[PDB]
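# Structure assessment
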Amino acid sequence: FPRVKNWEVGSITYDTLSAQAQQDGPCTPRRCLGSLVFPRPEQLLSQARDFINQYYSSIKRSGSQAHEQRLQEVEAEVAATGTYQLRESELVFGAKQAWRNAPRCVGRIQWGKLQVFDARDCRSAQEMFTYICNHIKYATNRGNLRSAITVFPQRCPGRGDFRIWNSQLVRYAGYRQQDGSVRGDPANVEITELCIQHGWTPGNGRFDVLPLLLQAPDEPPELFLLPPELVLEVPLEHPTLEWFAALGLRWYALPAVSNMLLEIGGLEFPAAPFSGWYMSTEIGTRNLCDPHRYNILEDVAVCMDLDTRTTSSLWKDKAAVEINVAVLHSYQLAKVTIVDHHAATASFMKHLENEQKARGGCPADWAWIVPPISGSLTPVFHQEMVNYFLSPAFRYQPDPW
Amino acid sequence: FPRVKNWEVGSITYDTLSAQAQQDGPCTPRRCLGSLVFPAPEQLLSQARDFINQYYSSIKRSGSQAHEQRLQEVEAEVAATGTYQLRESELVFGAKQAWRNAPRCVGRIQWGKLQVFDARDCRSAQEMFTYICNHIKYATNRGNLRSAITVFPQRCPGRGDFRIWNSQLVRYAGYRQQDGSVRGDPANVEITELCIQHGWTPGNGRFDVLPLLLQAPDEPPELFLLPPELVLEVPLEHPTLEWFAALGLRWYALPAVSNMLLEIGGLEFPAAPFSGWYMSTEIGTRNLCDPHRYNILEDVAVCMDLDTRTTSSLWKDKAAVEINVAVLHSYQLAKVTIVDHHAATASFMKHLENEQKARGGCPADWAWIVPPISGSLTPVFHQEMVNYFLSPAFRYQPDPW
Ligand code: HEM
Ligand code: HEM
Ligand SMILES: Cc1cc(N)nc2cc(-c3ccc4c(c3)[C@@H](N)CCCC4)ccc12
Ligand SMILES: Cc1cc(N)nc2cc(-c3ccc4c(c3)[C@@H](N)CCCC4)ccc12
Ligand SMILES: Cc1cc(N)nc2cc(-c3ccc4c(c3)[C@@H](N)CCCC4)ccc12
Ligand SMILES: Cc1cc(N)nc2cc(-c3ccc4c(c3)[C@@H](N)CCCC4)ccc12
Ligand SMILES: [Ca+2]
Ligand SMILES: [Cl-]
Ligand SMILES: [Cl-]
Ligand SMILES: [Gd]
Ligand SMILES: [Zn+2]
Ligand SMILES: [Zn+2]
Ligand SMILES: [Zn+2]
């Protein structure tokens, strides 16, 4: 039972939950690969039994009448057809636990309040689009954001797969130039090459919302324009640097991840888009300042008349904080839910203490929980953490091409 | 071999050196513990065998007459005496390799320019003190700092260890104040308690330099005062915040770690203090802002007339950036060597590139290489890293008391 210490306060806990870790990670006694982003058939019954055991233990109903009984139906379901369907409440519970079990997510203090839309009866790419648009409108909620996931039909043999080709539901275009370099978001250059390839005509701007590329089984992808008034966006202004707004920067409101594979009870949902709300450093520091992203940092520092001539002026650090201040200010003035990295990490500490008494520990990936600016100024920095894989879970998956 | 990617640039290397990892660390496929701070004749022979191999590799005489002769010499000496002695050239090579191999050190681009003082003929605590003072004088060099290590006699059978009780050669006292607070540095309350118990008359300021407690074999530790003019200090001022000088803050020029064990070819040196120069964030973020250290952040932010009632004003990040500006400015003004986290991480990337061509990889602890502020503004952030333990090496050891 690994001993975990908080070096800021002196407390010591022991992670007994790590004992249940199923799928194995990348690290070995010889070498640690914690920093890697992508870590390097009746088996279905075993994962089905375990998940059903979780559910009934969580409702204080372990080893009961209905517990035995539901063990039977799944045993018989797979016996007959080689797979099973989840009860409605089980799909809800599996979704919530998969969020609870996500080691890189700092927002898990919210894990209990998740809205699970059931799209398991989907059938076409036009159907997907209306399922996706009800999600986006419900999650957006005119700016008072609400966690939500939509669960499209699971995977089965013989049939293709439901897949969303965009990494997120809302993404900005990436256009190459007569010199390679990009107008718009360089992260999405590839999918923009496909959106054009499948019919979309590119805009000219740095903030053109990409069209969705939705894929019903076996039939190829199909483009879908997003409705403008459905995509809530925030123009960025600074509370006191009056020139900042003229930089023309905007970002959108809803972070909606649409390429991960929800895995519950041995079933695999390759299309299960989830959305919460942003931590402000995701926008200000990662999306806007990463050198391979919008890379605005030097442009903001010139407008502040900082000494960009030497690193020891900390010009990068100063411009980055102001970029973040403007993000916080703009989202608040637009009445759109956002949380700063100090509030977020403080709630995660609260989550760790809750998870300690409830389950005897919590899987956490230090390198992703600690924010990318001002790390040691947040209480998670001095907190040791254990990283392991519990189930249900969200996993990465190959691109559908 | 683990595939390692730099996400900023898209480079891809394969760390083949990790396969020679001469010991095992805390992680398993079940659980990563990378964030934890603290993770016989024939085996002495096999460690010695591998180091002699390393040494004769670095002087391009592998498998020569002089190489085989040296293996024969060492085995015969372990047979006659249970141990063996390093040649001077082997000691200099082994001390440089230990630095080169230290996975949490961002300043390793310097690893080859290290001044090695051989004090293995040291006799008493009093001589120990003389060697130390000359180390401090050579490394400080009136503010133009140089990298140095002084090596005291090795652990050997029949006699106790030389030990430096102090964690660093220069530390500020930490006195438990009356009500319950700490005046001075709180990390040093224990060593301060010991120094008093051993006859030190205690000051009562915030920046009182601690005496050294030096332990000769099978002797109690002995108290030595450092000559005031040996300890170069830097008063802290801010280039444009003139009330900052009124805080009375100071820091010392020389970081000299004195409580780690140096391991070379199976031999162990429990006393081998080493010194470099500071990276500014150790002083500004860690030493002054850590809430369990001097904890000046709120006092600074209040003086800046920031709004410290809501965290979304990023007052913490603003105040910390200005504390780092003052450290860099104060050290430059005093003509004392110092490096900022942007220049340091930039040279570490060159080190990674140099090391990949030389040994085919480089052990690095990502959570320690990334600075505690502005992490993703530095190029080491988006570089994946492999952590593992090579020897020669510096190791932690228990406190002698
Ligand atoms: C509601 C507030 C939420 C906040 C503030 C939040 C914040 C974050 C942040 C900052 C990251 C790390 C990104 C990075 O460091 O690059 C992350 C990752 C993640 N989030 Fe959350 N999140 C929230 C809700 C959710 C929800 C509702 C789900 C799923 C139902 C979820 C699932 C995940 C997963 C699986 C990851 C890890 C992705 C990966 O491993 O690549 N989060 N989140
Ligand atoms: C000359 C400039 C140097 C710089 C700028 C530097 C910088 C650093 C920093 C910033 C850390 C980690 C501290 C933290 O993250 O809180 C570190 C760790 C370390 N450094 Fe260096 N260092 C230098 C020289 C040296 C030398 C000369 C040696 C030994 C010969 C050395 C050996 C180590 C070791 C062993 C660690 C790990 C400490 C631990 O495991 O707790 N460094 N260094
Ligand atoms: C639900 C949610 C909320 C939020 N507020 N943020 C989130 C960020 C990610 C995320 C996951 C993986 C990757 C990224 C983001 C990338 N943006 C950074 C590394 C590449 C892989 C995923 C989900 C998030
Ligand atoms: C060590 C590390 C820690 C962390 N906390 N975050 C990290 C995020 C990336 C990363 C950054 C940007 C992008 C990606 C990964 C790609 N996965 C997605 C496409 C390009 C955008 C890489 C390394 C990271
Ligand atoms: C040579 C050197 C130079 C420098 N410029 N800095 C250095 C910082 C450390 C260091 C050593 C041990 C510990 C720390 C720092 C602390 N950060 C806490 C971790 C374990 C104890 C060690 C050596 C350093
Ligand atoms: C996860 C992690 C990463 C990192 N990069 N650094 C870390 C430094 C400490 C740490 C903080 C304060 C103190 C210590 C360690 C102890 N070593 C004693 C020295 C002062 C108190 C704890 C955790 C750290
Ligand atoms: Ca200028
Ligand atoms: Cl994003
Ligand atoms: Cl220090
Ligand atoms: Gd001023
Ligand atoms: Zn980034
Ligand atoms: Zn690991
Ligand atoms: Zn700290």
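Residues numbered from 1 in each chain as written, not as in the entry; some residues may be left out. Chains lettered and ligands numbered in written order. Heavy atoms only, no water.

This entry lists X-ray crystallography as its structure determination method and reports a resolution of 2.05 Å.

Quick look at the pairing of strand β8 (residues 212-215) of chain A now. Residues and elements named next belong to chain A. Neither face of β8 is exposed, since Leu 212 and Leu 214 on one face and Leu 213 and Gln 215 on the opposite face are all buried. By the bridge criterion, three bridges tie β8 to strand β9 (residues 222-224) in an arrangement that is antiparallel. Across the sheet, residue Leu 214 finds its bridge partner in β9, namely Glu 222. Hairpin remark: β8 followed by β9, antiparallel, with six residues in the connecting loop; positive phi at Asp 218, about 65 degrees. (Buried < 20%, exposed > 50% of the residue type's maximum accessible area, 1.4 Å probe, protein only. Helix = DSSP H or I, 4+ residues; strand = E, 2+ residues; numbered from the N terminus. Pairing = 2+ DSSP bridges.)

Residue and element names in this part refer to chain B. Taken in spatial order, the four strands line up as β3-β4-β15-β12 in an open sheet, and their pairing is mixed. The sheet is open, and its two borders are formed by β3 (115-118) and β12 (256-257), each paired with just one other strand. Here helix α3 (residues 88-101) sits on the sheet in contact with β3 and β4 (148-151), set at roughly 135 degrees to β3. Here helix α4 (residues 125-140) sits on the sheet and contacts β3, β4 and β15 (274-275); the angle it forms with β4, its principal contact strand, is near 170 degrees. (Contact = heavy atoms within 4.5 Å. Axes fitted to C-alpha atoms, helices over the stretch in contact; angles between N-to-C directions.)

For the iron atom of ligand 2, the protein contributes exactly one donor atom, B:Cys105 (SG), at 2.3 Å. With respect to the helices and strands, B:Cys105 occurs in the loop between α3 and β3. (Donors = N, O, S within 2.8 Å, 3.2 Å for Na, K, Ca; no water.)

Before going further, it helps to examine the interface of chain B and chain A. The interface is formed by 62 residues belonging to chain B together with 60 residues belonging to chain A. In this assembly, chain B packs against chain A so that about 5100 Å² is buried in total across both faces, 61% of it on carbon and sulfur atoms. For chain B, the biggest contributors to the area lost against chain A are B:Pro29, B:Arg30 and B:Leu377; these three give 12% of the whole. In this assembly, chain B and chain A are joined by one salt bridge. One can count 28 residue pairs in polar contact joining chain B with chain A. For the side of chain B that touches chain A, the elements supplying multiple residues, two or more each, are α6 (280-289), α8 (315-333), α9 (341-358) and α10 (366-369) of chain B. No other element matches the ten residues that α8(B) contributes to the side of chain B that touches chain A. Here the side of chain B that touches chain A is built from residues that sort into 30 nonpolar, 20 polar and twelve charged. (Buried area = accessible area lost by both parts, 1.4 Å probe. Salt bridge = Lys/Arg side-chain N within 4 Å of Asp/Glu carboxyl O. Polar contact = N/O pair within 3.5 Å; in protein donor to acceptor, adjacent residues only side chain to side chain. Nonpolar A, V, L, I, M, F, W, Y, C, P; charged D, E, K, R; others polar.)

Moving on to the domain arrangement of chain B. Residue and element names in this part refer to chain B. The domain boundaries assigned to chain B delineate domain 1 (15-120 + 147-157 + 261-275 + 345-369), domain 2 (121-146 + 161-232 + 396-400) and domain 3 (233-255 + 278-343). Measuring from the centre of the C-alpha atoms in domain 1 to the corresponding centre in domain 3 gives 35 Å. Carbon and sulfur atoms supply 48% of the area that domain 1 and domain 3 bury against each other, a total of about 380 Å² over both sides. Viewed at the interface, domain 3 and domain 1 are joined by zero salt bridges. (Domains from an automatic or database assignment.)

All names here are of chain A. Helix α3 (residues 88-100) packs onto helix α1 (residues 44-58) with a crossing angle of 95 degrees between their chain directions and a minimal axis gap of 11 Å. Between α1 and α3, the interaxial angle falls into the category roughly perpendicular. The residues of α3 that touch α1, namely those facing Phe 51, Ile 52, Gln 54, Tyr 55 and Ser 58, are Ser 89, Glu 90, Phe 93, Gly 94 and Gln 97. By residue class, the composition of the contact of α1 with α3 is four nonpolar, five polar and one charged. (Parallel < 35°, antiparallel > 145°, perpendicular 65-115°, else oblique.)

Next up on the list: the site of ligand 1. Residues and elements named next belong to chain A. Taken together, 17 residues sit near ligand 1, with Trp 99, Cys 105, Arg 286, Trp 368 and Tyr 396 positioned nearest. Within the contact set of ligand 1, an oxygen atom lies 3.2 Å away from a side-chain nitrogen or oxygen of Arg 286. At the level of secondary structure, the elements contributing two or more residues to the shell around ligand 1 comprise β15 (274-275) and α6 (280-289). Both domain 1 (15-120 + 147-157 + 261-275 + 345-369) and domain 3 (233-255 + 278-343) contribute no fewer than three residues apiece to the shell around ligand 1. (Near = heavy atom within 4 Å.)

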